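Worksheet: one structure, shown below.
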Amino acid sequence: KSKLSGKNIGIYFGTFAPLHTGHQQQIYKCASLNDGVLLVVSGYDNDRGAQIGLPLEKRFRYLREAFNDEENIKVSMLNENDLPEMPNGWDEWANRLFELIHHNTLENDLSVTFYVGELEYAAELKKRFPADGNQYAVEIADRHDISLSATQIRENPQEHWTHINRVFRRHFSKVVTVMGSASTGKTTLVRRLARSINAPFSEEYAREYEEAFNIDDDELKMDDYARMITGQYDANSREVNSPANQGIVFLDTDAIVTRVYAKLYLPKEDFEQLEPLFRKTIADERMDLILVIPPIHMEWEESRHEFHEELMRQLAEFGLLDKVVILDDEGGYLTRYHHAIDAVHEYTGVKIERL
Ligand SMILES: NC(=O)c1ccc[n+]([C@@H]2O[C@H](COP(=O)([O-])OP(=O)(O)OC[C@H]3O[C@@H](n4cnc5c(N)ncnc54)[C@H](O)[C@@H]3O)[C@@H](O)[C@H]2O)c1
């Protein structure tokens, strides 16, 4: 189930940062021509992919998941940490690659077809066929378009979203988070933003937690704030990874806004016990634009300026200030929606109509 079955198989290379429609189209054509296909993800320790947060391992794992139900397609990893352009290193890169073939196949006396898209690779590869019983052959592939699409996807992700393979999409998603008091225009604001650009959105986990377990704000305890941290995060993850994500998604609240309600309203010894779960979660969050509703749930209502001042205190603590936009109105914009909807334009780049 984990080594390639057939007798003649073909080989397809790539950095795969990210994998996209182009690749897949070339791969299924490649699969229908052989009995099996060996994908080879190539990477080195600070390559184009790694620089944007998709290191060789991250790419490999995502690729394994992407082909997780294709029996006759195996994903391999060719790690490149050796000599540059004037090497005997082609000698070595070769048998690194031929190691991948021997390990991920049964059935000696194979018939291998390399599908290479760079001419120097085919020239240096043909010099280094090993003396097993396999008789390798090289064919040329048009990667002019495929490498060029990957270039554009990395540059403008939300412009080529539908061609990014779904496993890689969670990494390119823009994320807008709204934070604020029980001045919960935020929930209506979050919907109105997302539904105006057909985006998905999360809901305040605290509201759902309190209703399901049936407790008011004053009755929340340390054990409950921890359940709300992971609750809200999972809700937000669920949307970022949602199949209905079109490139940006909106989060109703954060671990920070639940940590503000937790430094307030919670004994200093108790709060200090949660700080590790708080770091772990806030570190696992990635936000692009943070919208804050200024002072305009029963216990969380009354302390608006208390919460709002502490919220900025914490937001500085985590260096998120330059992603923060405050939806004020007086003394610029007509409605806080107007201010907010235009903020999304500046921070994600989607087109919006005028009245
Ligand atoms: N059938 C199934 O597949 C199935 C069924 C039940 C459970 N599960 C489990 O559920 C999981 C599904 O995915 P997951 O929840 O583990 O994903 P995950 O927790 O691995 O994803 C977290 C990543 O997404 C980003 N992220 C998440 N929330 C964010 C936010 N609010 N803002 C910015 N960035 C954010 C982070 O950068 C982080 O690296 C699987 O790991 C699986 O084990 C799967």
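So the sequence shown is residues 8 to 303, 313 to 347, 352 to 375, counted in the deposited numbering.
Even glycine gets a Cβ: it sits at the ideal position worked out from N, Cα and C.
Rounded to the nearest angstrom, what separates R68 and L45 at their Cα positions?
It is roughly 15 Å from the alpha-carbon of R68 to the alpha-carbon of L45.
Cα-Cα separation between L104 and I263, rounded to whole angstroms
Cα to Cα, the separation comes out at about 47 Å.
Compute the Euclidean distance between the alpha carbons of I297 and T265, then round it to the nearest angstrom.
The straight-line gap from Cα to Cα measures roughly 15 Å.
Taking C-beta to C-beta, are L113 and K10 nearer than 7 Å?
In contact: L113 and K10 (Cβ atoms closer than 7 Å).
Between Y357 and the rest of its own chain, which residues show a CB-CB distance below 8 Å, the 5 nearest in sequence each way excluded?
Here the set comprises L196, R199, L200.
With three or more C-beta pairs closer than 8 Å as the rule, is the stretch 158 to 177 touching the stretch 217 to 234?
Touching, no.
Secondary structure at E72, three-state DSSP: helix, strand or coil?
Looking at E72 - three-state DSSP - the assignment turns out to be helix.
If you draw a straight line from the C-alpha of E226 to the C-alpha of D54, how long is it?
Those two C-alpha atoms are separated by around 51 Å.
Would you mind giving the Cβ-Cβ distance between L354 and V340, rounded to the nearest angstrom? I have them listed as a contact below 8 Å.
Rounded, the Cβ-Cβ distance is 21 Å, inconsistent with contact.
Start-to-end residues for the alpha helix (DSSP H) that takes in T184:
That residue, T184, is in no alpha helix (DSSP H); its beta strand (DSSP E) goes 181 to 187.
DSSP beta-bridge partners for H27?
Partner(s): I171.
Kindly provide the ranges of any alpha helix (DSSP H) runs that are 4 or more residues long and lie completely inside the stretch 121 to 174, ordered along the chain.
List check, alpha helix (DSSP H) in window: 126 to 134, 151 to 162.
For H167 and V370, I'd like the C-alpha separation in whole angstroms.
Rounded to whole angstroms, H167 to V370 spans 13 Å at the Cα level.
For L336 and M294, which I take to be in contact (beta-carbon distance under 8 Å), what is that distance rounded to the nearest angstrom?
That belief holds up - the Cβ atoms of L336 and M294 are roughly 7 Å apart, short of 8 Å.
Kindly indicate which residue of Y35, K14, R135 has the alpha-carbon position closest to the one of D42.
For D42, the nearest C-alpha among the options comes from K14.
For ligand 1, any of its heavy atoms closer than 6 Å to the Cβ of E64?
Not under cutoff, so the answer is no.
Please state the DSSP three-state secondary structure of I372.
Coil, per DSSP.
Pairwise C-alpha distance: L26 and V256
About 21 Å.
Does DSSP put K270 in a helix, in a strand, or in coil?
Looking at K270 - three-state DSSP - the assignment turns out to be helix.
Comparing the CB of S249 with every heavy atom of ligand 1, is any distance shorter than 6 Å?
Remark: the C-beta of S249 is outside contact range of ligand 1, defined as less than 6 Å to any heavy atom.
Cα separation between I361 and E325?
Rounded to the nearest angstrom, the two C-alpha atoms are 24 Å apart.
Within this structure, are the beta carbons of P301 and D277 separated by less than 7 Å?
Not a contact, by the Cβ cut-off of 7 Å.
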